[PDB]
file data-v1.txt (compact mmCIF, C-alpha atoms and all ligand atoms)
# COMPACT_ATOMS: atom_id res chain seq x y z
CA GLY N 2 -11.40 44.31 24.32
CA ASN N 3 -10.78 44.22 28.03
CA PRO N 4 -7.51 42.62 29.03
CA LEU N 5 -7.48 39.02 30.27
CA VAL N 6 -4.56 38.45 32.60
CA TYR N 7 -3.32 35.59 34.76
CA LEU N 8 -1.61 34.89 38.06
CA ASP N 9 0.01 31.45 38.60
CA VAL N 10 0.14 30.97 42.40
CA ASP N 11 2.07 28.57 44.61
CA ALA N 12 2.05 27.77 48.39
CA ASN N 13 5.55 27.09 49.76
CA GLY N 14 6.73 26.27 46.26
CA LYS N 15 3.84 24.00 45.40
CA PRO N 16 1.53 25.13 42.48
CA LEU N 17 -2.03 25.89 43.31
CA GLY N 18 -3.12 26.77 39.82
CA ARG N 19 -4.03 29.79 37.72
CA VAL N 20 -6.29 32.70 38.43
CA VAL N 21 -7.59 34.44 35.29
CA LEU N 22 -8.87 37.94 35.62
CA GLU N 23 -10.79 40.32 33.33
CA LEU N 24 -9.69 43.95 33.69
CA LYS N 25 -12.50 46.48 33.13
CA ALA N 26 -10.51 48.90 30.89
CA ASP N 27 -13.94 49.91 29.49
CA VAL N 28 -14.91 51.49 32.87
CA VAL N 29 -11.54 52.15 34.63
CA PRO N 30 -8.91 52.37 31.93
CA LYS N 31 -6.12 53.81 34.02
CA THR N 32 -6.56 51.32 36.94
CA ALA N 33 -6.89 48.42 34.51
CA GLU N 34 -3.75 49.47 32.55
CA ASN N 35 -1.75 49.70 35.80
CA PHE N 36 -2.62 46.15 36.81
CA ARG N 37 -2.13 44.79 33.23
CA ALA N 38 1.34 46.27 33.01
CA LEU N 39 2.29 44.96 36.48
CA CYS N 40 1.28 41.45 35.37
CA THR N 41 3.38 41.56 32.21
CA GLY N 42 6.36 43.21 33.96
CA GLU N 43 6.78 45.43 30.83
CA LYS N 44 7.76 48.49 32.85
CA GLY N 45 10.69 46.61 34.55
CA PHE N 46 8.79 45.87 37.74
CA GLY N 47 5.66 44.02 38.78
CA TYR N 48 3.95 41.19 40.49
CA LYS N 49 6.04 38.19 39.41
CA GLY N 50 7.81 36.73 42.47
CA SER N 51 5.68 38.68 45.02
CA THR N 52 3.21 37.34 47.60
CA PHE N 53 -0.37 37.32 48.95
CA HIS N 54 0.63 38.96 52.24
CA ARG N 55 -2.83 39.32 53.80
CA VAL N 56 -5.45 36.65 53.47
CA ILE N 57 -8.59 36.67 55.66
CA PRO N 58 -10.98 33.74 55.29
CA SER N 59 -14.54 34.75 54.53
CA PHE N 60 -13.34 38.11 53.34
CA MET N 61 -10.50 38.54 50.79
CA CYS N 62 -7.05 37.66 49.57
CA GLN N 63 -4.70 40.66 49.32
CA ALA N 64 -1.49 40.97 47.29
CA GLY N 65 0.59 43.37 45.19
CA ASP N 66 3.10 44.70 47.73
CA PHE N 67 6.03 43.75 45.56
CA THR N 68 8.55 46.09 47.35
CA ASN N 69 8.06 45.29 51.05
CA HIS N 70 5.97 42.14 50.96
CA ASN N 71 3.82 43.19 53.93
CA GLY N 72 1.24 45.89 53.06
CA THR N 73 3.48 48.91 53.54
CA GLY N 74 4.77 49.22 49.93
CA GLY N 75 4.01 48.77 46.23
CA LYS N 76 3.89 51.42 43.52
CA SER N 77 2.09 52.01 40.29
CA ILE N 78 3.33 52.27 36.72
CA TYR N 79 2.52 56.02 37.03
CA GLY N 80 4.44 56.83 40.22
CA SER N 81 4.08 55.92 43.84
CA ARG N 82 0.30 56.44 43.97
CA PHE N 83 -2.52 57.52 41.70
CA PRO N 84 -6.02 58.86 42.08
CA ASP N 85 -9.24 56.94 42.63
CA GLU N 86 -10.48 56.68 39.05
CA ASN N 87 -14.20 56.18 39.77
CA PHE N 88 -16.37 54.01 41.95
CA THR N 89 -18.70 52.88 39.18
CA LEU N 90 -18.15 49.12 39.70
CA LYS N 91 -19.30 47.69 43.04
CA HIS N 92 -18.18 44.90 45.37
CA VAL N 93 -21.03 42.62 44.33
CA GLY N 94 -19.74 39.22 45.39
CA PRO N 95 -16.94 36.74 45.52
CA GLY N 96 -14.35 37.10 42.72
CA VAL N 97 -14.38 40.92 42.54
CA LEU N 98 -10.92 42.40 41.94
CA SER N 99 -10.44 45.75 43.71
CA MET N 100 -7.64 48.16 44.69
CA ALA N 101 -6.34 48.16 48.25
CA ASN N 102 -5.57 51.64 49.63
CA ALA N 103 -4.52 53.72 52.64
CA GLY N 104 -7.34 56.19 52.11
CA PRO N 105 -8.50 58.43 49.19
CA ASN N 106 -6.21 58.69 46.21
CA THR N 107 -3.55 56.23 47.46
CA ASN N 108 -3.77 53.45 44.89
CA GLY N 109 -0.45 51.84 44.07
CA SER N 110 -0.08 48.18 43.21
CA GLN N 111 -1.84 46.46 46.15
CA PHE N 112 -5.03 44.72 45.28
CA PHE N 113 -7.54 42.19 46.59
CA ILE N 114 -9.71 39.37 45.35
CA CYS N 115 -12.94 39.11 47.31
CA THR N 116 -14.16 35.72 48.66
CA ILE N 117 -17.45 37.21 49.82
CA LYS N 118 -19.58 40.22 48.90
CA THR N 119 -17.75 43.27 50.35
CA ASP N 120 -20.33 46.04 49.73
CA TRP N 121 -19.19 48.12 52.69
CA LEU N 122 -16.15 48.96 50.52
CA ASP N 123 -18.26 50.52 47.77
CA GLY N 124 -17.22 54.09 47.05
CA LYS N 125 -14.01 53.55 49.03
CA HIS N 126 -12.08 51.03 46.91
CA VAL N 127 -11.87 51.11 43.13
CA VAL N 128 -13.19 47.91 41.66
CA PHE N 129 -11.52 47.11 38.34
CA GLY N 130 -12.17 43.50 37.35
CA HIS N 131 -13.18 40.03 38.33
CA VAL N 132 -12.22 36.39 38.22
CA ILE N 133 -12.96 34.63 34.93
CA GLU N 134 -11.40 31.32 35.90
CA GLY N 135 -9.77 29.88 39.00
CA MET N 136 -12.08 30.85 41.85
CA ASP N 137 -11.13 27.35 43.16
CA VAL N 138 -7.53 28.57 43.16
CA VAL N 139 -8.62 31.69 45.10
CA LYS N 140 -10.35 29.41 47.57
CA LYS N 141 -7.11 27.47 48.08
CA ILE N 142 -5.20 30.73 48.75
CA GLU N 143 -8.06 31.70 51.21
CA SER N 144 -7.47 28.38 53.01
CA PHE N 145 -3.93 29.42 53.96
CA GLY N 146 -5.05 32.72 55.55
CA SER N 147 -6.24 33.45 59.04
CA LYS N 148 -8.49 35.85 60.83
CA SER N 149 -5.42 38.02 61.60
CA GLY N 150 -4.57 38.05 57.85
CA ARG N 151 -1.33 36.22 58.39
CA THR N 152 -0.73 33.30 56.09
CA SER N 153 0.35 29.85 57.24
CA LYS N 154 2.30 29.20 54.07
CA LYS N 155 4.24 31.53 51.81
CA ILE N 156 1.81 32.29 48.91
CA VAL N 157 3.74 33.43 45.80
CA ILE N 158 2.68 34.69 42.37
CA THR N 159 5.30 32.57 40.54
CA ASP N 160 4.26 33.89 37.14
CA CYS N 161 1.87 36.31 35.64
CA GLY N 162 1.00 37.94 32.34
CA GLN N 163 -1.60 38.80 29.71
CA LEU N 164 -3.59 36.26 27.68
CA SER N 165 -5.43 38.75 25.42
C1 LIG E 201 -9.68 44.75 51.70
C2 LIG E 201 -8.76 45.87 51.27
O1 LIG E 201 -8.16 46.38 52.45
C3 LIG E 201 -7.29 47.48 52.47
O2 LIG E 201 -7.01 48.11 51.49
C4 LIG E 201 -6.87 47.92 53.86
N1 LIG E 201 -5.73 48.81 53.76
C5 LIG E 201 -4.51 48.35 53.56
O3 LIG E 201 -4.33 47.14 53.45
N2 LIG E 201 -3.55 49.27 53.45
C6 LIG E 201 -2.20 48.97 53.07
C7 LIG E 201 -1.95 49.70 51.79
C8 LIG E 201 -2.67 49.42 50.65
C9 LIG E 201 -2.44 50.09 49.47
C10 LIG E 201 -1.53 51.09 49.35
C11 LIG E 201 -0.76 51.38 50.53
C12 LIG E 201 0.28 52.42 50.52
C13 LIG E 201 -0.07 53.70 50.12
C14 LIG E 201 0.91 54.68 50.12
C15 LIG E 201 2.21 54.43 50.53
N3 LIG E 201 2.52 53.15 50.90
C16 LIG E 201 1.59 52.16 50.91
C17 LIG E 201 -0.97 50.68 51.71
K K E 202 -14.50 40.95 60.21

call {"tool": "encode", "arguments": {"input": "data-v1.txt", "output": "structure tokens", "more": "lines below"}}
Ligand SMILES: CCOC(=O)CNC(=O)NCc1cccc(-c2cccnc2)c1
Ligand SMILES: [K+]
result
Amino acid sequence: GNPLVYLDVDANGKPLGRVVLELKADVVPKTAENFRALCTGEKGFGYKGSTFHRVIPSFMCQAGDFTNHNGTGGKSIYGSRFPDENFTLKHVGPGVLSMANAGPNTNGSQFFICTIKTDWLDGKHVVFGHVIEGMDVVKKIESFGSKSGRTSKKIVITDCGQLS
């Protein structure tokens, strides 16, 4: 079945809760496997201890830059970047999990969780999952963002992994 993974998130060292995500390995197996492996840390690197570096209320919460912690880094389990797998899944609403990028075929490790429908990203960002549980946790993260994307507290994925 599709992986179920989790991110345990804190704000300045205080726990906000758990976000549980389904990864659509059935539609985007390579993108799903990348994220799954970065949650478990099984390749020797990943998301544990990294931050939500860009959080824009009424838009999305962005994370996964585990090298530079600011949107300029990250890498995949494959290499520094990998191709856009397909654009089959769309940005249909809040809770969509999608790859951040710097243009075509630049996926690494950065990702975003949508807090609104972001349909203008369809065909540009590879959607690969959605929130199963903890949209209230996403909403708390969203609360610490700003229109500039800068966060008012340090938002940290303190643990992460695979449930099934
Ligand atoms: C809502 C999603 O928004 C975005 O993706 C907007 N764009 C960014 O944030 N770009 C920053 C970004 C995102 C993903 C990969 C890279 C990258 C690629 C290659 C080498 N180094 C870094 C950069
Ligand atoms: K805007």

call {"tool": "residues_near_point", "arguments": {"input": "data-v1.txt", "point": "(-12.5, 33.4, 56.2)", "cutoff": "9 Å", "atoms": "all atoms listed in the file", "output": "list in words"}}
result
residues 56, 57, 58, 59, 60, 61, 116, 117, 143, 144, 146, 147 and 148 of chain N

call {"tool": "write_last_selection", "arguments": {"input": "data-v1.txt", "atoms": "C-alpha atoms", "output": "tab-separated table (two decimals), in the frame of the given file"}}
result
chain	number	residue	atom	x	y	z
N	56	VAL	CA	-5.45	36.65	53.47
N	57	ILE	CA	-8.59	36.67	55.66
N	58	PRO	CA	-10.98	33.74	55.29
N	59	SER	CA	-14.54	34.75	54.53
N	60	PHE	CA	-13.34	38.11	53.34
N	61	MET	CA	-10.50	38.54	50.79
N	116	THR	CA	-14.16	35.72	48.66
N	117	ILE	CA	-17.45	37.21	49.82
N	143	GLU	CA	-8.06	31.70	51.21
N	144	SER	CA	-7.47	28.38	53.01
N	146	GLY	CA	-5.05	32.72	55.55
N	147	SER	CA	-6.24	33.45	59.04
N	148	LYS	CA	-8.49	35.85	60.83

call {"tool": "atom_distance", "arguments": {"input": "data-v1.txt", "atom1": "CA of residue 20 in chain N", "atom2": "CA of residue 139 in chain N"}}
result
7.1 Å

call {"tool": "residues_near_ligand", "arguments": {"input": "data-v1.txt", "ligand": "ligand LIG 201 (chain E)", "cutoff": "6 Å", "atoms": "all atoms listed in the file", "output": "list in words"}}
result
residues 72, 73, 74, 101, 102, 103, 107, 108, 109 and 111 of chain N

call {"tool": "closest_residue", "arguments": {"input": "data-v1.txt", "among": "N:164, N:2, N:22, N:40", "to": "residue 114 in chain N", "atoms": "all atoms listed in the file"}}
result
N:22

call {"tool": "atom_distance", "arguments": {"input": "data-v1.txt", "atom1": "CA of residue 162 in chain N", "atom2": "CA of residue 41 in chain N"}}
result
4.3 Å

call {"tool": "residues_around", "arguments": {"input": "data-v1.txt", "residues": "residue 36 in chain N", "least_positions_apart": "3", "cutoff": "12 Å", "atoms": "only C-alpha atoms", "output": "short mmCIF file (atom, residue, chain, number, x, y, z; two decimals) with C-alpha atoms, in the frame of the given file"}}
result
data_model
loop_
_atom_site.label_atom_id
_atom_site.label_comp_id
_atom_site.auth_asym_id
_atom_site.auth_seq_id
_atom_site.Cartn_x
_atom_site.Cartn_y
_atom_site.Cartn_z
CA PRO N 4 -7.51 42.62 29.03
CA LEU N 5 -7.48 39.02 30.27
CA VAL N 6 -4.56 38.45 32.60
CA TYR N 7 -3.32 35.59 34.76
CA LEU N 8 -1.61 34.89 38.06
CA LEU N 22 -8.87 37.94 35.62
CA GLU N 23 -10.79 40.32 33.33
CA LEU N 24 -9.69 43.95 33.69
CA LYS N 25 -12.50 46.48 33.13
CA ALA N 26 -10.51 48.90 30.89
CA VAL N 29 -11.54 52.15 34.63
CA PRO N 30 -8.91 52.37 31.93
CA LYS N 31 -6.12 53.81 34.02
CA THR N 32 -6.56 51.32 36.94
CA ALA N 33 -6.89 48.42 34.51
CA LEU N 39 2.29 44.96 36.48
CA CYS N 40 1.28 41.45 35.37
CA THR N 41 3.38 41.56 32.21
CA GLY N 42 6.36 43.21 33.96
CA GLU N 43 6.78 45.43 30.83
CA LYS N 44 7.76 48.49 32.85
CA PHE N 46 8.79 45.87 37.74
CA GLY N 47 5.66 44.02 38.78
CA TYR N 48 3.95 41.19 40.49
CA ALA N 64 -1.49 40.97 47.29
CA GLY N 65 0.59 43.37 45.19
CA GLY N 75 4.01 48.77 46.23
CA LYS N 76 3.89 51.42 43.52
CA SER N 77 2.09 52.01 40.29
CA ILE N 78 3.33 52.27 36.72
CA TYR N 79 2.52 56.02 37.03
CA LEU N 98 -10.92 42.40 41.94
CA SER N 99 -10.44 45.75 43.71
CA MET N 100 -7.64 48.16 44.69
CA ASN N 108 -3.77 53.45 44.89
CA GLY N 109 -0.45 51.84 44.07
CA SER N 110 -0.08 48.18 43.21
CA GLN N 111 -1.84 46.46 46.15
CA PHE N 112 -5.03 44.72 45.28
CA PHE N 113 -7.54 42.19 46.59
CA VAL N 128 -13.19 47.91 41.66
CA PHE N 129 -11.52 47.11 38.34
CA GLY N 130 -12.17 43.50 37.35
CA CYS N 161 1.87 36.31 35.64
CA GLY N 162 1.00 37.94 32.34
CA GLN N 163 -1.60 38.80 29.71
#

call {"tool": "closest_residue", "arguments": {"input": "data-v1.txt", "among": "N:119, N:16, N:131, N:154", "to": "ligand K 202 (chain E)", "atoms": "all atoms listed in the file"}}
result
N:119

call {"tool": "residues_around", "arguments": {"input": "data-v1.txt", "residues": "residue 17 in chain N", "least_positions_apart": "4", "cutoff": "9 Å", "atoms": "all atoms listed in the file", "output": "list in words"}}
result
residues 9, 10, 11, 12, 138, 139, 141 and 142 of chain N

call {"tool": "atom_distance", "arguments": {"input": "data-v1.txt", "atom1": "CA of residue 152 in chain N", "atom2": "CA of residue 54 in chain N"}}
result
7.0 Å

call {"tool": "closest_residue", "arguments": {"input": "data-v1.txt", "among": "N:88, N:67, N:121, N:145", "to": "ligand K 202 (chain E)", "atoms": "only C-alpha atoms and all ligand atoms"}}
result
N:121

call {"tool": "closest_residue", "arguments": {"input": "data-v1.txt", "among": "N:69, N:149, N:34, N:159", "to": "ligand K 202 (chain E)", "atoms": "only C-alpha atoms and all ligand atoms"}}
result
N:149

call {"tool": "closest_residue", "arguments": {"input": "data-v1.txt", "among": "N:157, N:21, N:132, N:127", "to": "residue 94 in chain N", "atoms": "all atoms listed in the file"}}
result
N:132

call {"tool": "closest_residue", "arguments": {"input": "data-v1.txt", "among": "N:122, N:28, N:38, N:158", "to": "residue 104 in chain N", "atoms": "all atoms listed in the file"}}
result
N:122

call {"tool": "decode", "arguments": {"input": "data-v1.txt", "residues": "range 46-153 of chain N", "atoms": "C-alpha atoms", "output": "PDB file, in the first residue's frame"}}
result
ATOM      1  CA  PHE N  46      20.315  12.019   5.771  1.00  0.00           C
ATOM      2  CA  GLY N  47      16.837  13.487   5.920  1.00  0.00           C
ATOM      3  CA  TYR N  48      14.282  15.717   7.482  1.00  0.00           C
ATOM      4  CA  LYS N  49      14.767  15.034  11.205  1.00  0.00           C
ATOM      5  CA  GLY N  50      16.082  18.206  12.891  1.00  0.00           C
ATOM      6  CA  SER N  51      15.286  20.499   9.906  1.00  0.00           C
ATOM      7  CA  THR N  52      12.787  23.385   9.695  1.00  0.00           C
ATOM      8  CA  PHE N  53       9.720  24.887   7.980  1.00  0.00           C
ATOM      9  CA  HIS N  54      11.688  27.816   6.543  1.00  0.00           C
ATOM     10  CA  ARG N  55       8.909  29.464   4.512  1.00  0.00           C
ATOM     11  CA  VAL N  56       5.387  29.687   5.791  1.00  0.00           C
ATOM     12  CA  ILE N  57       2.823  31.999   4.119  1.00  0.00           C
ATOM     13  CA  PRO N  58      -0.611  32.216   5.739  1.00  0.00           C
ATOM     14  CA  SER N  59      -3.464  31.474   3.371  1.00  0.00           C
ATOM     15  CA  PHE N  60      -1.093  29.707   1.047  1.00  0.00           C
ATOM     16  CA  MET N  61       1.355  26.981   2.229  1.00  0.00           C
ATOM     17  CA  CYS N  62       3.938  25.758   4.675  1.00  0.00           C
ATOM     18  CA  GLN N  63       7.297  24.912   3.067  1.00  0.00           C
ATOM     19  CA  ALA N  64      10.079  22.710   4.445  1.00  0.00           C
ATOM     20  CA  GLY N  65      12.723  20.160   3.482  1.00  0.00           C
ATOM     21  CA  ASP N  66      15.833  22.322   3.079  1.00  0.00           C
ATOM     22  CA  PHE N  67      17.819  20.200   5.474  1.00  0.00           C
ATOM     23  CA  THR N  68      21.274  21.464   4.271  1.00  0.00           C
ATOM     24  CA  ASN N  69      20.915  25.263   4.308  1.00  0.00           C
ATOM     25  CA  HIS N  70      17.690  25.780   6.211  1.00  0.00           C
ATOM     26  CA  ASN N  71      16.541  28.641   3.966  1.00  0.00           C
ATOM     27  CA  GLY N  72      15.275  27.472   0.537  1.00  0.00           C
ATOM     28  CA  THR N  73      18.630  27.351  -1.234  1.00  0.00           C
ATOM     29  CA  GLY N  74      19.508  23.682  -0.491  1.00  0.00           C
ATOM     30  CA  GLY N  75      18.217  20.145   0.039  1.00  0.00           C
ATOM     31  CA  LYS N  76      18.931  17.048  -2.035  1.00  0.00           C
ATOM     32  CA  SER N  77      17.196  13.856  -2.947  1.00  0.00           C
ATOM     33  CA  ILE N  78      18.013  10.238  -2.195  1.00  0.00           C
ATOM     34  CA  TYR N  79      18.916   9.978  -5.920  1.00  0.00           C
ATOM     35  CA  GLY N  80      21.348  12.897  -6.203  1.00  0.00           C
ATOM     36  CA  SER N  81      21.045  16.623  -6.003  1.00  0.00           C
ATOM     37  CA  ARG N  82      17.892  16.853  -8.130  1.00  0.00           C
ATOM     38  CA  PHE N  83      15.556  14.576 -10.045  1.00  0.00           C
ATOM     39  CA  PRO N  84      13.028  14.902 -12.816  1.00  0.00           C
ATOM     40  CA  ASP N  85       9.382  15.905 -12.586  1.00  0.00           C
ATOM     41  CA  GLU N  86       7.752  12.483 -12.452  1.00  0.00           C
ATOM     42  CA  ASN N  87       4.280  13.451 -13.725  1.00  0.00           C
ATOM     43  CA  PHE N  88       1.659  16.047 -13.003  1.00  0.00           C
ATOM     44  CA  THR N  89      -1.232  13.610 -12.682  1.00  0.00           C
ATOM     45  CA  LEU N  90      -2.274  14.709  -9.155  1.00  0.00           C
ATOM     46  CA  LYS N  91      -3.539  18.292  -8.798  1.00  0.00           C
ATOM     47  CA  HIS N  92      -3.459  20.977  -6.119  1.00  0.00           C
ATOM     48  CA  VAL N  93      -7.102  20.464  -5.202  1.00  0.00           C
ATOM     49  CA  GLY N  94      -7.268  21.998  -1.738  1.00  0.00           C
ATOM     50  CA  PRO N  95      -5.794  22.393   1.676  1.00  0.00           C
ATOM     51  CA  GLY N  96      -3.636  19.453   2.835  1.00  0.00           C
ATOM     52  CA  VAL N  97      -2.054  18.657  -0.561  1.00  0.00           C
ATOM     53  CA  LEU N  98       1.615  17.657  -0.286  1.00  0.00           C
ATOM     54  CA  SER N  99       3.669  18.835  -3.281  1.00  0.00           C
ATOM     55  CA  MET N 100       7.318  19.278  -4.326  1.00  0.00           C
ATOM     56  CA  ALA N 101       8.885  22.728  -4.196  1.00  0.00           C
ATOM     57  CA  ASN N 102      11.213  23.491  -7.133  1.00  0.00           C
ATOM     58  CA  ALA N 103      13.381  26.069  -8.900  1.00  0.00           C
ATOM     59  CA  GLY N 104      11.849  25.282 -12.270  1.00  0.00           C
ATOM     60  CA  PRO N 105      11.422  22.095 -14.410  1.00  0.00           C
ATOM     61  CA  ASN N 106      13.257  19.006 -13.262  1.00  0.00           C
ATOM     62  CA  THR N 107      14.735  20.511 -10.063  1.00  0.00           C
ATOM     63  CA  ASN N 108      13.068  18.439  -7.370  1.00  0.00           C
ATOM     64  CA  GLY N 109      15.275  17.731  -4.377  1.00  0.00           C
ATOM     65  CA  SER N 110      13.946  17.462  -0.846  1.00  0.00           C
ATOM     66  CA  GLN N 111      11.966  20.715  -0.455  1.00  0.00           C
ATOM     67  CA  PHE N 112       8.263  20.292  -0.187  1.00  0.00           C
ATOM     68  CA  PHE N 113       5.088  22.118   0.806  1.00  0.00           C
ATOM     69  CA  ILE N 114       1.795  21.447   2.517  1.00  0.00           C
ATOM     70  CA  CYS N 115      -0.998  23.576   1.092  1.00  0.00           C
ATOM     71  CA  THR N 116      -3.376  25.521   3.405  1.00  0.00           C
ATOM     72  CA  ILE N 117      -5.568  26.580   0.490  1.00  0.00           C
ATOM     73  CA  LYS N 118      -6.300  25.281  -2.998  1.00  0.00           C
ATOM     74  CA  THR N 119      -3.199  26.129  -5.097  1.00  0.00           C
ATOM     75  CA  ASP N 120      -4.410  25.198  -8.614  1.00  0.00           C
ATOM     76  CA  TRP N 121      -2.163  27.722 -10.337  1.00  0.00           C
ATOM     77  CA  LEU N 122       0.684  25.301  -9.488  1.00  0.00           C
ATOM     78  CA  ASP N 123      -0.868  22.447 -11.454  1.00  0.00           C
ATOM     79  CA  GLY N 124       1.500  21.103 -14.087  1.00  0.00           C
ATOM     80  CA  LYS N 125       4.385  22.994 -12.452  1.00  0.00           C
ATOM     81  CA  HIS N 126       4.807  21.220  -9.097  1.00  0.00           C
ATOM     82  CA  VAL N 127       4.603  17.465  -8.608  1.00  0.00           C
ATOM     83  CA  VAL N 128       1.883  16.599  -6.153  1.00  0.00           C
ATOM     84  CA  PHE N 129       2.666  13.381  -4.293  1.00  0.00           C
ATOM     85  CA  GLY N 130       0.442  13.014  -1.237  1.00  0.00           C
ATOM     86  CA  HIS N 131      -1.834  14.591   1.285  1.00  0.00           C
ATOM     87  CA  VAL N 132      -2.531  15.028   4.957  1.00  0.00           C
ATOM     88  CA  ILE N 133      -4.315  12.099   6.617  1.00  0.00           C
ATOM     89  CA  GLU N 134      -4.220  13.517  10.128  1.00  0.00           C
ATOM     90  CA  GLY N 135      -3.011  16.731  11.736  1.00  0.00           C
ATOM     91  CA  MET N 136      -4.350  19.490   9.510  1.00  0.00           C
ATOM     92  CA  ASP N 137      -4.836  21.299  12.871  1.00  0.00           C
ATOM     93  CA  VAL N 138      -1.090  20.931  13.357  1.00  0.00           C
ATOM     94  CA  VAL N 139      -0.521  22.398   9.864  1.00  0.00           C
ATOM     95  CA  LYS N 140      -2.761  25.276  10.835  1.00  0.00           C
ATOM     96  CA  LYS N 141      -0.616  25.942  13.909  1.00  0.00           C
ATOM     97  CA  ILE N 142       2.558  25.986  11.757  1.00  0.00           C
ATOM     98  CA  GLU N 143       0.682  28.388   9.336  1.00  0.00           C
ATOM     99  CA  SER N 144       0.004  30.668  12.326  1.00  0.00           C
ATOM    100  CA  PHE N 145       3.725  31.270  12.832  1.00  0.00           C
ATOM    101  CA  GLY N 146       4.308  32.358   9.202  1.00  0.00           C
ATOM    102  CA  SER N 147       3.949  35.733   7.594  1.00  0.00           C
ATOM    103  CA  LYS N 148       3.153  37.217   4.251  1.00  0.00           C
ATOM    104  CA  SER N 149       6.911  37.481   3.565  1.00  0.00           C
ATOM    105  CA  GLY N 150       7.272  33.743   4.379  1.00  0.00           C
ATOM    106  CA  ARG N 151       9.461  34.417   7.362  1.00  0.00           C
ATOM    107  CA  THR N 152       8.494  32.587  10.506  1.00  0.00           C
ATOM    108  CA  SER N 153       8.129  34.234  13.910  1.00  0.00           C
TER     109      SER N 153
END
